[PDB]
Structure formats: C-alpha cells, structure tokens
Amino acid sequence: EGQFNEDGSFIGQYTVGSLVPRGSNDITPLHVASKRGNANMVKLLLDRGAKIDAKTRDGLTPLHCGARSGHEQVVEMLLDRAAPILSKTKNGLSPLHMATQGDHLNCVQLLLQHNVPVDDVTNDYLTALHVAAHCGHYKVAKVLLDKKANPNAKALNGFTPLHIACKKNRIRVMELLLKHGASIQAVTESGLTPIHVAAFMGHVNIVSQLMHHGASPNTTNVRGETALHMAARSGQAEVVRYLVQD
C-alpha cells in the first residue's frame, strides 16, 4: 500500500539549508515564500492548498514572516485568503508586533486596516507601541498612537512605552509619547518613574527633557530612592552633575 504514497528522498530537502540536516520540516515552502516577499510563489502555494496557518517551532505563521520583513503584497495576499490575523508565537507575538519590530509602516497600516486590535499584547503584556518604543521606531509609534494606542499601557513589570523609551534612550519616541499623553509620573511595579529609569541608565538628555516637561526629581521609589539616588548608585556622574547643578 506504500506504492500509492509520495516516495523518494528529495521532497522537503530543498526548502531551506545547504546539505545540513534540519530536525523537523517546521519551515514550509509557504514560510519561505512569505519571508522572501514573493507574492507569485505565495499565490502558487496557496492555490495548491498549502496550509496558510502552519507554524514553525517558535510558532511563526507565514503571515508573521511576511509582516516581519515588511512584504506588503504577501501580507495582503495572506490576509485576503483568511490567514488568522491574531495568531501568536510561543511568546505571544502577533504579526503586528513583528511588523512594528521591523519598522514597516506599510504592513502595520495594512494589519490595522484588517481590524487587528491596536493594543494586542505579548505574553510580557507588550503592545506594539511598547515594541516601537523599545526599538526606537518613531514612524510606527506615531501610526499606532494615531490609531489610539494607549501610551500608558503597562507591561508585566509595570513599564509603559514611556518607561521603555527612557530605558532604551529613544529621545524622539519619548518626546512623541509625551505629546500624545503618556503620563510622566507613571510608576512601575517597584515604584519607578520615567526619570528614575533614565537617571539610572545615565541618559542625561532624556533626564533634562523630562525635567523640562515637569518630571519631579524628588519622587521616590519603593526603596525610598529619588532619581539622584539611582544616578549616584549606578555612578552616572553626568546625570549626577546635571541634577545637582540644576
């Protein structure tokens, strides 16, 4: 009865890789076609019935791969053939998080136009706006905020996109969030404000900018520390010099 199956040793050997065996054929031809952005290959494979929601070991669907690399035509083609828009990877990343991570304005808009909830969260409770603040993607953050992403949304450890822009020294995103209503006095799980976070990592320009917008330097965390205590505990001499000289 095996005579009525596909046989041979070449099926699946030329999808990815170059003579080095891979443990499982989790990466399908549709994943490869979407990562490359070849809409002709995608239409070919979808017409032959390729599984549109197949997942890799990490849980990436073809829609995740197309959005991660910003291949707008592939993404629309997958969405028009009903690829699940909210499919998540093992750590909770939707295709919108991956489009945001690659600073792909076209694919972020395209997913938002297909009714992806703008504040869909990962397992760390990161929205796409959190990810844009982490990467410093000003353009995409502005798109998410225009579609009403919550600028005070909290991750698991209580960080808002503003806390993250301050931890990662993203001055443009920090300024954009403040213009769009991110609370400068928002507090994390351990009582830290955005100026505590910038002062600890030594981001002097962010500390001064937060000071211009009314950040209180005398606020204290759960452990009783002000921003100057944390700048002194970490040794950021220029943050220390700025706080005392002001």
# chains A, B, ... in the order shown; residues from 1 in each chain; ligands from 1
$ select_by_dssp --residues "segment 148-221 of chain A" --states "helix (DSSP H, G or I)" --output "JSON, numbers by chain"
{"A": [161, 162, 163, 164, 165, 166, 167, 171, 172, 173, 174, 175, 176, 177, 178, 179, 194, 195, 196, 197, 198, 199, 200, 201, 204, 205, 206, 207, 208, 209, 210, 211, 212]}
$ write_last_selection --atoms "N, CA and C atoms" --output "short mmCIF file (atom, residue, chain, number, x, y, z; two decimals), in the first residue's frame"
data_model
loop_
_atom_site.label_atom_id
_atom_site.label_comp_id
_atom_site.auth_asym_id
_atom_site.auth_seq_id
_atom_site.Cartn_x
_atom_site.Cartn_y
_atom_site.Cartn_z
N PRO A 161 5.21 52.37 27.58
CA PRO A 161 6.11 52.71 26.47
C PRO A 161 7.01 53.89 26.80
N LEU A 162 6.57 54.80 27.67
CA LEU A 162 7.43 55.89 28.08
C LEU A 162 8.59 55.39 28.95
N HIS A 163 8.32 54.47 29.88
CA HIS A 163 9.41 53.90 30.68
C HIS A 163 10.43 53.22 29.77
N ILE A 164 9.94 52.53 28.75
CA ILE A 164 10.83 51.81 27.85
C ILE A 164 11.64 52.78 27.00
N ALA A 165 11.00 53.85 26.49
CA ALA A 165 11.75 54.82 25.70
C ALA A 165 12.84 55.47 26.55
N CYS A 166 12.58 55.63 27.85
CA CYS A 166 13.60 56.15 28.75
C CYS A 166 14.66 55.11 29.09
N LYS A 167 14.31 53.82 29.15
CA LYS A 167 15.33 52.83 29.47
C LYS A 167 16.26 52.64 28.29
N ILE A 171 15.01 59.21 22.38
CA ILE A 171 14.56 60.57 22.65
C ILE A 171 13.36 60.96 21.79
N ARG A 172 13.37 60.61 20.50
CA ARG A 172 12.26 61.02 19.64
C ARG A 172 10.96 60.36 20.07
N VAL A 173 11.01 59.07 20.41
CA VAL A 173 9.81 58.37 20.85
C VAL A 173 9.36 58.91 22.19
N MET A 174 10.31 59.23 23.08
CA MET A 174 9.95 59.80 24.37
C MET A 174 9.19 61.10 24.17
N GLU A 175 9.69 61.96 23.29
CA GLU A 175 9.01 63.22 23.02
C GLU A 175 7.65 62.99 22.38
N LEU A 176 7.54 62.00 21.49
CA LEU A 176 6.26 61.76 20.84
C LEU A 176 5.22 61.25 21.83
N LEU A 177 5.64 60.39 22.75
CA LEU A 177 4.71 59.86 23.74
C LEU A 177 4.23 60.96 24.67
N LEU A 178 5.14 61.86 25.05
CA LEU A 178 4.72 62.96 25.91
C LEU A 178 3.71 63.83 25.19
N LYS A 179 3.90 64.06 23.88
CA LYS A 179 2.94 64.87 23.15
C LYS A 179 1.61 64.15 23.05
N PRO A 194 9.52 57.41 34.96
CA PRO A 194 10.43 57.53 33.81
C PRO A 194 11.74 58.24 34.13
N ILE A 195 11.75 59.23 35.02
CA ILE A 195 13.02 59.90 35.33
C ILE A 195 13.92 59.04 36.21
N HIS A 196 13.35 58.14 37.02
CA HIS A 196 14.16 57.17 37.73
C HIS A 196 14.87 56.28 36.74
N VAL A 197 14.15 55.86 35.69
CA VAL A 197 14.71 54.93 34.72
C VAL A 197 15.81 55.59 33.90
N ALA A 198 15.58 56.82 33.43
CA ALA A 198 16.60 57.47 32.63
C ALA A 198 17.82 57.81 33.48
N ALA A 199 17.59 58.21 34.74
CA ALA A 199 18.71 58.59 35.60
C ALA A 199 19.56 57.40 35.97
N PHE A 200 18.95 56.22 36.10
CA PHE A 200 19.74 55.05 36.43
C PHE A 200 20.64 54.66 35.27
N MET A 201 20.13 54.71 34.05
CA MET A 201 20.95 54.29 32.92
C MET A 201 21.86 55.39 32.42
N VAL A 204 21.32 61.38 29.99
CA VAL A 204 21.25 62.75 30.50
C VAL A 204 20.28 63.59 29.70
N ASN A 205 20.30 63.45 28.37
CA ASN A 205 19.42 64.25 27.53
C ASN A 205 17.96 63.96 27.86
N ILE A 206 17.65 62.69 28.10
CA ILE A 206 16.30 62.31 28.47
C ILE A 206 15.95 62.84 29.86
N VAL A 207 16.90 62.81 30.80
CA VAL A 207 16.62 63.35 32.14
C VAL A 207 16.29 64.83 32.05
N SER A 208 17.11 65.61 31.32
CA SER A 208 16.85 67.04 31.21
C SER A 208 15.54 67.30 30.48
N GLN A 209 15.24 66.50 29.44
CA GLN A 209 13.99 66.70 28.71
C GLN A 209 12.81 66.36 29.61
N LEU A 210 12.94 65.31 30.41
CA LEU A 210 11.88 65.01 31.35
C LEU A 210 11.74 66.13 32.37
N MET A 211 12.87 66.75 32.74
CA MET A 211 12.83 67.85 33.69
C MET A 211 12.10 69.05 33.10
N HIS A 212 12.30 69.32 31.80
CA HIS A 212 11.61 70.42 31.14
C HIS A 212 10.11 70.19 31.07
#
$ residues_around --residues "residue 221 of chain A" --least-positions-apart "4" --cutoff "9 Å" --atoms "only C-alpha atoms" --output "PyMOL selection string"
chain A and resi 187+190-193+196+225-227
$ write_last_selection --atoms "N, CA, C and O atoms" --output "PDB file, in the first residue's frame"
ATOM      1  N   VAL A 187       4.124  55.006  37.250  1.00  0.00           N
ATOM      2  CA  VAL A 187       5.015  54.287  38.132  1.00  0.00           C
ATOM      3  C   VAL A 187       5.003  52.804  37.777  1.00  0.00           C
ATOM      4  O   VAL A 187       3.960  52.245  37.421  1.00  0.00           O
ATOM      5  N   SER A 190       7.928  48.485  40.936  1.00  0.00           N
ATOM      6  CA  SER A 190       8.855  48.822  42.005  1.00  0.00           C
ATOM      7  C   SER A 190       8.898  50.323  42.281  1.00  0.00           C
ATOM      8  O   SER A 190       9.891  50.815  42.827  1.00  0.00           O
ATOM      9  N   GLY A 191       7.881  51.068  41.850  1.00  0.00           N
ATOM     10  CA  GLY A 191       7.794  52.474  42.177  1.00  0.00           C
ATOM     11  C   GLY A 191       8.595  53.417  41.302  1.00  0.00           C
ATOM     12  O   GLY A 191       8.675  54.613  41.617  1.00  0.00           O
ATOM     13  N   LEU A 192       9.132  52.957  40.182  1.00  0.00           N
ATOM     14  CA  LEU A 192       9.986  53.817  39.380  1.00  0.00           C
ATOM     15  C   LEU A 192       9.169  54.653  38.416  1.00  0.00           C
ATOM     16  O   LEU A 192       8.221  54.170  37.794  1.00  0.00           O
ATOM     17  N   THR A 193       9.565  55.893  38.280  1.00  0.00           N
ATOM     18  CA  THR A 193       9.028  56.806  37.290  1.00  0.00           C
ATOM     19  C   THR A 193       9.959  56.832  36.083  1.00  0.00           C
ATOM     20  O   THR A 193      11.067  56.283  36.124  1.00  0.00           O
ATOM     21  N   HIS A 196      13.354  58.141  37.016  1.00  0.00           N
ATOM     22  CA  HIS A 196      14.164  57.166  37.735  1.00  0.00           C
ATOM     23  C   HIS A 196      14.873  56.276  36.741  1.00  0.00           C
ATOM     24  O   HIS A 196      16.050  55.949  36.913  1.00  0.00           O
ATOM     25  N   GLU A 225      14.336  55.702  47.067  1.00  0.00           N
ATOM     26  CA  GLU A 225      15.298  56.441  46.254  1.00  0.00           C
ATOM     27  C   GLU A 225      14.669  57.451  45.298  1.00  0.00           C
ATOM     28  O   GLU A 225      13.638  57.186  44.680  1.00  0.00           O
ATOM     29  N   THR A 226      15.302  58.618  45.186  1.00  0.00           N
ATOM     30  CA  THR A 226      14.962  59.591  44.163  1.00  0.00           C
ATOM     31  C   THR A 226      15.744  59.274  42.888  1.00  0.00           C
ATOM     32  O   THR A 226      16.525  58.318  42.821  1.00  0.00           O
ATOM     33  N   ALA A 227      15.581  60.119  41.869  1.00  0.00           N
ATOM     34  CA  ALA A 227      16.358  59.911  40.653  1.00  0.00           C
ATOM     35  C   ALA A 227      17.840  60.140  40.905  1.00  0.00           C
ATOM     36  O   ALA A 227      18.685  59.406  40.383  1.00  0.00           O
TER      37      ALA A 227
END
$ residues_around --residues "segment 119-130 of chain A" --least-positions-apart "3" --cutoff "9 Å" --atoms "only C-alpha atoms" --output "PyMOL selection string"
chain A and resi 86+88-94+96-101+116+133-135+140-142+144-145+148-151+153-157+159-162+164-165
$ write_last_selection --atoms "C-alpha atoms" --output "short mmCIF file (atom, residue, chain, number, x, y, z; two decimals), in the first residue's frame"
data_model
loop_
_atom_site.label_atom_id
_atom_site.label_comp_id
_atom_site.auth_asym_id
_atom_site.auth_seq_id
_atom_site.Cartn_x
_atom_site.Cartn_y
_atom_site.Cartn_z
CA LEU A 86 -4.14 37.21 15.69
CA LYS A 88 0.61 34.17 18.23
CA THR A 89 4.16 32.86 18.58
CA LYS A 90 5.33 30.92 21.61
CA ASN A 91 5.93 34.20 23.45
CA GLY A 92 2.73 35.88 22.28
CA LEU A 93 3.90 37.92 19.27
CA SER A 94 1.21 38.71 16.71
CA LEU A 96 1.50 43.35 14.12
CA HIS A 97 4.27 43.12 16.75
CA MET A 98 6.67 41.78 14.12
CA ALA A 99 5.77 44.46 11.56
CA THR A 100 6.38 47.03 14.29
CA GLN A 101 9.71 45.43 15.16
CA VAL A 116 -6.17 43.90 14.46
CA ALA A 133 9.41 52.32 21.98
CA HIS A 134 11.88 49.51 22.61
CA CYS A 135 13.28 49.66 19.06
CA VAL A 140 5.42 53.31 13.54
CA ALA A 141 4.74 54.60 17.04
CA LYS A 142 3.08 57.64 15.52
CA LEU A 144 -0.14 53.28 16.47
CA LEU A 145 -0.85 56.41 18.54
CA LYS A 148 -5.36 55.22 19.59
CA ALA A 149 -2.78 53.01 21.19
CA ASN A 150 -2.69 53.51 24.93
CA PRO A 151 0.52 55.44 25.77
CA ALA A 153 -0.29 50.69 28.82
CA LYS A 154 1.73 48.64 31.32
CA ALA A 155 3.85 45.58 30.69
CA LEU A 156 4.10 42.82 33.28
CA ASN A 157 6.79 44.66 35.22
CA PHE A 159 6.75 49.64 32.31
CA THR A 160 4.81 51.92 29.96
CA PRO A 161 6.11 52.71 26.47
CA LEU A 162 7.43 55.89 28.08
CA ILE A 164 10.83 51.81 27.85
CA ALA A 165 11.75 54.82 25.70
#
$ residues_around --residues "segment 14-23 of chain A" --least-positions-apart "6" --cutoff "12 Å" --atoms "only C-alpha atoms" --output "number ranges by chain"
A: 29-33, 35, 56-57
$ closest_residue --among "A:104, A:229, A:43, A:55" --to "residue 72 of chain A" --atoms "only C-alpha atoms"
A:104
$ atom_distance --atom1 "atom CA of residue 53 of chain A" --atom2 "atom CA of residue 143 of chain A"
26.9 Å
$ closest_residue --among "A:184, A:82, A:246, A:10" --to "residue 216 of chain A" --atoms "only C-alpha atoms"
A:184
$ closest_residue --among "A:183, A:40, A:69, A:188" --to "residue 158 of chain A" --atoms "only C-alpha atoms"
A:188
$ atom_distance --atom1 "atom CA of residue 78 of chain A" --atom2 "atom CA of residue 5 of chain A"
29.4 Å
$ residues_around --residues "residue 228 of chain A" --least-positions-apart "5" --cutoff "10 Å" --atoms "only C-alpha atoms" --output "PyMOL selection string"
chain A and resi 195-196+199-200+217-218+220+233-234+236+239-244
$ closest_residue --among "A:132, A:83, A:77, A:107" --to "residue 52 of chain A" --atoms "only C-alpha atoms"
A:83
$ atom_distance --atom1 "atom CA of residue 11 of chain A" --atom2 "atom CA of residue 80 of chain A"
28.6 Å
